[PDB]
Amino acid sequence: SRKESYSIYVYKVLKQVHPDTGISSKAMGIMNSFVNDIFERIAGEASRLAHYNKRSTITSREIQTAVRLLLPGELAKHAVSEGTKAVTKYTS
């Protein structure tokens, strides 16, 4: 039956940054590959971080360090800024 993807969320963000702009299905496929790739890279690094320090929990501290090791430069600064803001606004 079902195959889930990030299509709906990619589309919401797309309409947020280019409202009159659409996207083809092939472009949507490479966007799903990209989102799965970033997630696997971050989660893999977070898993390794937690393992090195003999902890069994992946927390936002591990996600944030994983971002800082895997993303280049300014992308990393923005990404940790946005994640930090999300966790702050979520606690409420």
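The first residue of the sequence shown is number 1, and the count goes up from there.
Legend entry - Of 37-45 and 54-62, the stretch whose C-alpha atoms average the higher B-factor in the entry: Between 54-62 and 37-45, it is 54-62 that shows the higher mean C-alpha B-factor.
Inset, instruction - Give the position of residue 19 by CA B-factor within its chain, expressed as the lowest, middle or highest third. - result: Its C-alpha B-factor, which the entry lists for residue 19, ranks in the highest third among residues of this chain.
Inset, instruction - Report the third (lowest, middle or highest) to which the CA temperature factor of residue 69 belongs, ranking only the modelled residues of the same chain. - result: Lowest third of the chain for residue 69's C-alpha B-factor.
Inset, instruction - Sorting the chain's modelled residues by C-alpha B-factor, tell me whether residue 25 ends up in the lowest, middle or highest third. - result: Its C-alpha B-factor belongs to the lowest third of this chain's values.
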